[PDB]
Number of protein chains: 2
Amino acid sequence: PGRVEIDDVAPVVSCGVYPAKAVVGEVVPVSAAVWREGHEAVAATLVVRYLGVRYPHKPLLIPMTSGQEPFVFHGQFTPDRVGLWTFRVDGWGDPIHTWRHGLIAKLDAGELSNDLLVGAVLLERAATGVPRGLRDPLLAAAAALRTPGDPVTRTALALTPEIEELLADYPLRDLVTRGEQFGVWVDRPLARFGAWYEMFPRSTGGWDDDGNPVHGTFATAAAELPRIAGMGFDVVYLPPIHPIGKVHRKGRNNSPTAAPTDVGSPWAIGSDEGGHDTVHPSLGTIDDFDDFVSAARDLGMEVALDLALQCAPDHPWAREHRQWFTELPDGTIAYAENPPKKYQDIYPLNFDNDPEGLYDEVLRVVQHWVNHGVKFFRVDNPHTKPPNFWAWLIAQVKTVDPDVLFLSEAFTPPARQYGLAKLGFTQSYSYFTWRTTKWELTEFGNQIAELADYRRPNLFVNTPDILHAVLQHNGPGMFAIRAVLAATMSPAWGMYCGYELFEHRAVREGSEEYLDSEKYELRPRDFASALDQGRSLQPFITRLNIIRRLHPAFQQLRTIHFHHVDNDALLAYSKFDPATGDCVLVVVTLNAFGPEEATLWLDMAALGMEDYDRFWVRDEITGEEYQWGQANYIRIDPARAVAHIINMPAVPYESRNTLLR
Amino acid sequence: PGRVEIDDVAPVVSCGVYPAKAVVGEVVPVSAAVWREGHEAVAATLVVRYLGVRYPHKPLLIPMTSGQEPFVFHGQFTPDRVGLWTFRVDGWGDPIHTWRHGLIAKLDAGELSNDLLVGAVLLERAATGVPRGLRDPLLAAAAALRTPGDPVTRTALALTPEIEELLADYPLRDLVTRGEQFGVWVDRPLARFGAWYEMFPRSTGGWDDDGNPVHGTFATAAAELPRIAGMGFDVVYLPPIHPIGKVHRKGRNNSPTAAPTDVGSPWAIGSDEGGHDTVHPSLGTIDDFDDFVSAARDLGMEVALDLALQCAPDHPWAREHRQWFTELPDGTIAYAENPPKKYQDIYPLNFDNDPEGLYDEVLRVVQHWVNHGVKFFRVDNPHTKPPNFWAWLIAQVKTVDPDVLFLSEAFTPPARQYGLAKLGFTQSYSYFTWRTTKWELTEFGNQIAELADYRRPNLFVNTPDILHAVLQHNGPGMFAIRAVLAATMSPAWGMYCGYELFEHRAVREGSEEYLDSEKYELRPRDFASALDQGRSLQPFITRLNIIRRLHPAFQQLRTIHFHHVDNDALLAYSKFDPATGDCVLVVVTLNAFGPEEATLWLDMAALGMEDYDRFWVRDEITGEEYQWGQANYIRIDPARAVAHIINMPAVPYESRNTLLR
Ligand SMILES: OC[C@H]1O[C@H](O[C@H]2[C@H](O)[C@@H](O)[C@@H](O)O[C@@H]2CO)[C@H](O)[C@@H](O)[C@@H]1O
Ligand SMILES: OC[C@H]1O[C@H](O[C@H]2[C@H](O)[C@@H](O)[C@@H](O)O[C@@H]2CO)[C@H](O)[C@@H](O)[C@@H]1O
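Residues numbered from 1 in each chain as written, not as in the entry; some residues may be left out. Chains lettered and ligands numbered in written order. Heavy atoms only, no water.

## Side note on the interface of chain A and chain B
Here's step 1: Contacts between the two partners involve 41 residues from chain A and, on the opposite side, 41 residues from chain B.
Here's step 2: For the pair chain A and chain B, the summed buried surface comes to about 3,300 Å²; carbon and sulfur atoms form 61% of the total.
Here's step 3: Along the contact surface separating chain A from chain B lie six salt bridges.
Here's step 4: In this structure, A:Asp8 engages B:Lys422 in a salt bridge whose closest nitrogen and oxygen atoms are separated by 3.8 Å.
Here's step 5: At the boundary of chain A and chain B, one finds 14 residue pairs in polar contact.
Here's step 6: Those elements that provide at least two residues to the side of chain A that touches chain B are β1 (5-10), α2 (115-127), α11 (387-400) and α12 (414-422) of chain A.
Here's step 7: Counting residues per element, the side of chain A that touches chain B draws most heavily on α12(A), which supplies five residues. (Contact = heavy atoms within 4.5 Å. Buried area = accessible area lost by both parts, 1.4 Å probe. Salt bridge = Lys/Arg side-chain N within 4 Å of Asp/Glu carboxyl O. Polar contact = N/O pair within 3.5 Å; in protein donor to acceptor, adjacent residues only side chain to side chain. Helix = DSSP H or I, 4+ residues; strand = E, 2+ residues; numbered from the N terminus.)

Laid out in structure tokens, this is it:
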């Protein structure tokens with residue numbers, strides 16, 4: 001006990017402490033190592049069971065197949081309902097296979113008088129497992145050489161294509177041993193595949209007769225939702241919609257002192273007007289929000305709200321519940337700090353003084369919005385709050401409603417960043433922005449999965465906080481380039497408003513902060529004119545999102561594969577879908593300014609073709625079709641197209657094993 | 001629950017199912033990831049406990065240090081007694097460090113008055129934890145930071161190295177969190193470091209007046225033990241000493257039919273004379289064995305017996321207990337087979353018919369020899385017997401006597417080979433023989449550990465069954481080369497008798513079987529003449545083992561590191577000892593025939609030196625000394641020396657950190 005060894009099971013996360021991640025309709029590949037004594041054959045069955053919903057802290061049997069690696073068995077299952085699933089690998093020794101294969105070897109050299117009876121004692125014993133109806137042809141197979149005679153006489157009834165297939169249906173299993181049980185938590189598909197748009201509701205004001213921005217409202221914001229849907233975004237992410245503190249409120253450009261009219265950063269949550277459960281009054285009544293949400297839902301979109309666990313001084317909690325802060329000896333509370341950033345306008349919470357006190361309130365707050373149709377939260381700076389809290393908050397929320405999803409904006413070293421994902425965060429921001437070399441992007445891409453069992457990255461081209469240097473000086477071409485990279489590399493990607501307008505001016509050289517940042521200032525934008533003057537990337541983005549919807553390969557984490565292109569400025573990779581066999585290849589240039597050309601060397605095995613093969617491809621932007629082979633010429637001219645997104649011949653029905661591991 | 005995150009702990013094997021491996025006086029490096037909220041400091045303590053001498057199914061505290069990888073903490077402990085040890089990592093937040101480090105920054109920019117009081121309640125509260133009269137210079141500091149004044153005035157004793165070292169012995173810990181507990185099974189040092197010599201007792205006969213071999217006896221064999229000890233071997237491994245079956249006994253050169261005088265293979269255990277518990281009568285009474293063991297013991301050596309769970313037909317078990325076999329329909333028992341090898345002289349056992357029946361008998365047998373001083377067994381073909389048996393047998397034996405060690409001769413694909421090691425085998429044979437190119441050996445060497453936490457390889461230059469082709473035609477030079485490789489790469493190595501005589505003739509071209517194999521035939525050898533005629537590698541081997549004893553670096557699994565040599569035929573690697581700092585470099589040629597030269601590029605960081613450094617080395621065979629630097633000229637002439645074994649400057653007391661991971 002264990003009679004048959006089962007080891008190195010995957011996917012298991014942190015040795016089973018945390019469930020693995022998957023979504024509905026995703027092919028989940030499972031593998032394990034099973035072995036036993038000698039050359040005696042062994043087989044494994046992947047046992048999948050679907051439990052209820054519920055959240056952590058009749059069976060379905062799938063046969064597994066051996067492969068290249070000795071003793072390593074592979075399997076798959078596709079979850080069809082949201083919730084918690086279980087799998088384990090059962091190992092057994094299948095005597096029939098041993099006997100059959102051994103006899104065929106002996107059959108070639110023509111006596112054997114012994115083995116045949118042994119077979120003959122197998123199939124009837126096998127017969128006990130099969131129902132009297134179809135039970136019978138084995139006994140037919142079982143009684144055609146117990147009667148003496150030639151060897152080839154009854155090999156008929158053994159090598160018959162009819163009895164492996166029934167035995168496949170009902171197998172004769174010996175020494176059955178069960179492996180450990182591990183769990184997968186399946187979420188709705190939006191957890192993996194969807195595109196994000198970050199907009200500031202207040203910036204939808206649109207100026208007055210004097211050229212001065214006007215504070216917008218949920219009503220006006222909702223007016224902008226169609227153009228957004230038009231670009232193909234599935235989720236709209238809103239900076240906090242709560243009242244902005246009036247004390248120590250910051251002025252334009254992170255200025256310490258606020259003018260009387262300045263608006264302050266939405267992240268300075270709380271004022272005498274309200275807390276985390278109240279809409280900032282300038283935006284509108286809470287019904288207005290309900291109306292905005294409903295508007296989005298009409299267009300096929302979802303709303304994601306910023307969850308920032310911090311307080312401005314006027315926040316009711318500063319008075320009503322003050323245990324929740326770390327108060328200095330002179331009674332003041334130290335302003336929030338994240339090195340080297342300073343947040344003079346807010347207070348960090350203290351989760352240790354009154355844990356079940358604060359815990360319950362924050363749960364209360366999150367639940368408020370769940371009741372208003374918000375089932376995706378962009379958790380803000382999760383790494384500066386206790387891990388166990390998040391683990392608690394997530395499980396606590398998801399158990400009442402399991403369709404609630406969390407995105408963790410944790411720009412922090414790996415152990416924390418990936419660590420946080422493990423606790424349950426459905427998606428995580430990534431280090432993506434700071435990957436810009438062919439080698440960096442290659443590595444960033446491959447790691448994507450790799451870590452798929454527990455991290456889903458959301459690739460944002462920019463955020464209000466991050467205006468990468470490369471975007472600053474390379475002109476509109478680069479904006480395309482990052483967009484192509486983001487959209488193709490990950491199932492989930494995002495964009496901060498104005499990106500499509502090529503906003504590229506930073507506050508000072510060497511900074512990553514947007515000049516005249518929207519956080520501190522109202523920023524109406526006039527998208528329409530840009531469209532008219534052909535200085536908008538809105539069309540391109542639309543075409544990018546359409547492509548994603550069109551090809552299911554782009555909803556996959558696991559299958560990215562990089563092909564060699566002998567140019568340091570050109571990067572070429574491919575994705576495929578295990579289900580439909582869909583297959584797509586992307587080639588992009590990382591230099592926005594000069595045409596760059598090269599020879600692209602496909603790894604045909606990876607694409608499901610032999611090396612010598614020749615095949616036809618289609619360019620999804622152009623529609624042009626051409627014939628390609630293992631080595632192909634490619635030349636990319638920015639200012640014509642910064643990328644070729646190529647539809648490739650569908651991966652044959654060997655899809656499932658090109659997914660192995 | 002889980003306030004401070006502790007994850008990715010190592011060493012853990014198969015997620016804790018199996019204990020890790022270590023020996024007495026071995027430095028075991030432990031690492032884990034610990035993190036918490038924000039920039040609040042965190043610390044970890046490695047907690048070691050020594051339990052018993054019992055075997056698987058007051059605390060010692062070691063502080064752990066951060067390092068290169070954020071949030072990753074490293075530690076080490078050195079077991080001083082045989083038995084089962086436990087370790088876990090405890091994580092805590094140390095507020096003092098947060099406070100101190102923050103203050104130094106503030107101290108430079110010169111009121112700030114708030115923080116000082118905060119410190120004051122820390123050291124006081126810190127002091128309460130040290131309720132000893134050695135406390136507290138802290139109130140000296142604790143009442144040296146409260147009264148009004150300048151900051152540097154009241155920094156008094158805080159920055160000065162007087163209260164941290166005190167805090168070091170007694171620390172102020174917050175949010176202490178317990179990590180999971182994992183176990184290490186510590187064995188006697190021979191488990192890792194010792195050299196093996198394989199000899200056939202029967203071959204010590206020495207001819208008669210006609211030039212005909214004479215069967216030897218334990219008495220005569222014991223006569224050869226000094227010479228063996230003289231070469232520096234710590235263990236003598238004996239093919240089975242039991243009676244050889246008389247039916248289907250195999251003849252010289254594996255011929256199927258045995259002449260009346262032929263001896264047969266010792267692995268055909270059992271005859272009407274006796275079973276596994278009896279000495280083959282031709283060797284002598286069991287007292288003779290006891291005498292042989294004692295002879296070895298006198299010379300500093302150990303005896304290891306072959307444990308082969310198989311039977312010849314005349315074996316008493318064939319009648320007395322026949323449930324133990326797989327009996328055919330016609331009542332015969334199929335002869336043992338291991339593809340493609342055929343073992344016509346033996347019967348495989350059947351472990352499923354009467355498990356606790358057979359289990360108990362084999363335990364009985366193993367136990368017999370343990371009582372006769374044999375505490376190392378060379379388990380034979382373990383992969384052809386059930387895993388659970390071995391797991392049981394090992395745990396069952398070791399619990400009565402924990403100094404009993406097992407070596408698994410499992411030449412099988414990885415999942416099995418390493419799997420077998422994991423469930424308890426103290427050492428394992430390896431694929432070593434078939435690694436012969438610079439890149440193959442490099443990969444093989446690095447893997448050694450890697451897998452050290454659960455596999456200890458025993459590197460055999462040859463075995464009675466394996467006479468590698470490379471030895472067949474490259475002449476005495478190669479025998480040196482493999483010996484250098486085996487002896488240096490692994491703490492444990494071995495050689496089969498006659499290797500030192502350059503026995504290089506195989507039965508047919510393309511085979512790995514020794515011509516006129518000792519298994520089937522008596523082979524007395526005359527070592528003395530070879531010594532006299534200078535055609536023996538006995539001197540070299542002696543010098544190799546002395547070197548191993550001399551430098552503790554060579555008893556390490558973990559520390560091998562490969563340095564670049566720009567010649568495909570030259571391989572250069574180094575080992576060091578974390579304890580003493582000993583450091584050694586080996587450079588060998590893989591080409592036995594032509595002089596080969598190159599530039600050797602040391603990774604000085606790995607050797608504990610800066611790149612620009614210049615240092616002195618000594619050649620352990622030659623005694624010559626010279627000055628070297630980062631890049632050095634090296635030229636190797638076989639037929640002079642196939643290797644340079646170089647003593648290098650001792651790794652500084654940064655030994656612990658170059659062992660990290
Ligand atoms: O008002 C508080 C804080 O707001 C902004 O910082 C935000 C940041 O923009 C968000 O992306 C979030 O992830 O982090 C901070 C809030 O947690 C301003 O940049 C900052 O100056 C201000 O103090
Ligand atoms: O006597 C049975 C069998 O003995 C030998 O095979 C051995 C082998 O030499 C040992 O090294 C061991 O590891 O495996 C076998 C026993 O399990 C002969 O090689 C073989 O011909 C003979 O049948």
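Read on for the rest.
## Observations concerning the packing of helix α15 (residues 476-489) of chain A against helix α17 (residues 538-550) of chain A
Residues and elements named next belong to chain A.
Here's step 1: Closest axis-to-axis distance for the α15/α17 pair is 11 Å, and the angle between their directions is 15°. In terms of their interaxial angle, α15 and α17 are classed as roughly parallel. Our pair here, α15 against α17, has a crossing hand that is right-handed. Along the contact surface, α15 presents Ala480, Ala483, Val484 and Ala487, while α17 presents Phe540, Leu544 and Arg548.
Here's step 2: Grouping the amino acids of the contact of α15 with α17 by side-chain chemistry returns six nonpolar, no polar and one charged. (Axes fitted to C-alpha atoms, helices over the stretch in contact; angles between N-to-C directions. Parallel < 35°, antiparallel > 145°, perpendicular 65-115°, else oblique. Left-handed = near helix turned anticlockwise from the far one by under 90°. Nonpolar A, V, L, I, M, F, W, Y, C, P; charged D, E, K, R; others polar.)

## Topic: the site of ligand 2
All names here are of chain B.
Here's step 1: The immediate surroundings of ligand 2 are formed by 16 residues, with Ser265, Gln310, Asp345, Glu409 and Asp465 found nearest.
Here's step 2: One of the side-chain N or O atoms of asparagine 254 is found 3.1 Å from an oxygen atom in ligand 2.
Here's step 3: Here an oxygen atom of ligand 2 and a side-chain polar atom of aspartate 380 are 2.8 Å apart.
Here's step 4: The fraction of the free accessible surface of ligand 2 (470 Å²) that becomes covered by protein chains is 96%.
Here's step 5: The residue makeup of the shell around ligand 2, split by class, is five nonpolar, four polar and seven charged. (Near = heavy atom within 4 Å. Areas by Shrake-Rupley, 256 points an atom, 1.4 Å probe, with all protein chains shown as cover.)

## Considering the nonpolar core
Here's step 1: B:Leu485 and B:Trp493 are the most contacted members of the largest nonpolar core, which totals 156 residues.
Here's step 2: Ranked by residue count, the leading element in this core is helix α15 (residues 476-489) of chain B, at ten residues.
Here's step 3: B:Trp493 has contacts with B:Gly194, B:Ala195, B:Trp196, B:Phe233, B:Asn458, B:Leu459, B:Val461, B:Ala486, B:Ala487, B:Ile541, B:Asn545 and B:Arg548, leaving out every residue within four places of it along the chain.
Here's step 4: Membership of the second largest hydrophobic core comes to 155 residues, among which are A:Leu309, A:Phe389, A:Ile560 and A:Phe562. (Core = buried A, V, L, I, M, F, W, Y, C linked by side-chain atoms within 4.5 Å. Buried < 20%, exposed > 50% of the residue type's maximum accessible area, 1.4 Å probe, protein only.)

## Observations regarding the pattern of salt bridges
Here's step 1: Counting across every chain of the model gives 78 salt bridges over all chains.
Here's step 2: Salt-bridge contacts for A:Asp80 lead to A:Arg81; the nearest nitrogen and oxygen are separated by 2.8 Å.
Here's step 3: On the basis of relative accessible area, A:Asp80 is assigned to the partly exposed category, the value being 49%.
Here's step 4: Across the pair A:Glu273 and A:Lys246 runs a salt bridge whose closest N-O atoms are separated by 3.7 Å. Here the residue A:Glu273 occupies a position in the loop between β11 (235-238) and α8 (286-298), and A:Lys246 occupies one in the loop between β11 and α8, the gap between them amounting to 27 residues.
Here's step 5: The class for A:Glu273 is partly exposed, based on a relative accessible area of 46%.
Here's step 6: Accessibility expressed as a relative area gives 44% for A:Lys246, which makes it partly exposed.
Here's step 7: One salt-bridge network, held together by shared partners, links A:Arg3, A:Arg36, A:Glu37, A:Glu40 and B:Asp352.

## Quick word on the domain arrangement of chain A
Residue and element names in this part refer to chain A.
Here's step 1: With domains assigned, chain A is organised as domain 1 (1-93 + 171-188), domain 2 (94-170), domain 3 (189-559) and domain 4 (560-661).
Here's step 2: Domain 1 and domain 2 are separated by 30 Å when their C-alpha centres are compared.
Here's step 3: Taken together, the nine residues of domain 1 in the interface contact twelve residues of domain 2.
Here's step 4: Taken together, the two surfaces of domain 1 and domain 2 that pack against each other cover about 730 Å², and 63% of this comes from carbon and sulfur.
Here's step 5: Among the residues of domain 1 in contact with domain 2, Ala41, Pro171 and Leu172 are the three that bury the most area, contributing 69% of the side total.
Here's step 6: Applying the counting criterion to the domain 1 and domain 2 interface returns one salt bridge.
Here's step 7: The salt bridge partner of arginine 125 is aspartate 174, with a shortest N-O separation of 2.9 Å.
Here's step 8: Along the contact surface separating domain 1 from domain 2 lie one residue pair in polar contact.
Here's step 9: For the side of domain 1 that touches domain 2, the class distribution of residues is six nonpolar, one polar and two charged. (Domains from an automatic or database assignment.)

## Re the packing of aromatic side chains
All names here are of chain A.
Here's step 1: The final tally for this structure, using the stated rule, is 68 aromatic pairs over all chains.
Here's step 2: Between the aromatic rings of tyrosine 429 and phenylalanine 460, the centroid separation amounts to 4.8 Å while the plane-to-plane angle is 10°, which identifies the pairing as stacked. You can see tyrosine 429 sitting in the loop between β19 (427-428) and α13 (438-448) and its partner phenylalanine 460 sitting in strand β20 (residues 458-460), a full 31 residues away along the chain. You'll find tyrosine 429 and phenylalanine 460 in the same group, each marked buried.
Here's step 3: By way of ring pairs, the aromatic residues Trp196, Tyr237, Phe376, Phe411, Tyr429, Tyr431, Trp434 and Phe460 are connected into one cluster.
Here's step 4: If you follow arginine 227 out to its NZ or CZ, it ends over the ring of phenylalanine 527, 3.6 Å from the centre.
Here's step 5: One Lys or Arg, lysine 422, reaches over the ring of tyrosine 454 and ends 4.9 Å from the middle of that ring. (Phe/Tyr/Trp six-rings, centres within 6.5 Å; stacked < 30°, edge-to-face > 60°. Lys NZ or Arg CZ within 6 Å of the ring centre and 35° of its normal.)

## A word on the environment of B:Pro552
All names here are of chain B.
Here's step 1: For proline 552, the position within the fold is in the loop between α17 (538-550) and β22 (561-565).
Here's step 2: Counting along the chain gives 106 residues from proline 552 to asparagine 446, while the straight-line C-alpha distance between them is 19 Å.
Here's step 3: Those residues in contact with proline 552 that lie beyond four places of it in its chain are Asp577, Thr580 and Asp582.

## Overview of the relation of the copies chain A and chain B
Here's step 1: Note on the copies: chain A fits chain B at an RMSD of 0.3 Å, the axial shift is 0.0 Å, and the rotation between them is 180°. In short, the pair behaves as if placed about a two-fold rotation axis. When each C-alpha of chain A is compared by its distance to the rotation axis, A:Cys15 comes out closest, at 3.0 Å.
Here's step 2: When the interface residues of chain A are mapped onto chain B, 100% of them again lie at the interface, so the same face is used by both copies. (Least-squares fit on C-alpha atoms.)

## Examining helix α13 (residues 438-447) of chain B
An α-helix turns once every 3.6 residues. As a result, residues three or four positions apart point the same way.
Here's step 1: Those residues of α13(B) that fall on the buried side of the exposure criterion are B:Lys438, B:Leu441, B:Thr442, B:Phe444, B:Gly445 and B:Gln447.
Here's step 2: Next to the buried residues of α13(B) lie α12 (414-422), β20 (458-460), α15, β22 and β23 (570-576) of chain B.

## A few points about the site of ligand 1
All names here are of chain A.
Here's step 1: Around ligand 1 there are 16 residues in total, and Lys250, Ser265, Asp345, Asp380 and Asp465 lie nearest to it.
Here's step 2: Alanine 268 is positioned with one of its backbone polar atoms (N or O) 3.4 Å from an oxygen atom of ligand 1.
Here's step 3: Note that an oxygen atom of ligand 1 is positioned 2.5 Å from one of the side-chain N or O atoms of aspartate 345.
Here's step 4: The fraction of the free accessible surface of ligand 1 (470 Å²) that becomes covered by protein chains is 96%.
Here's step 5: A per-class count over the shell around ligand 1 returns five nonpolar, four polar and seven charged.

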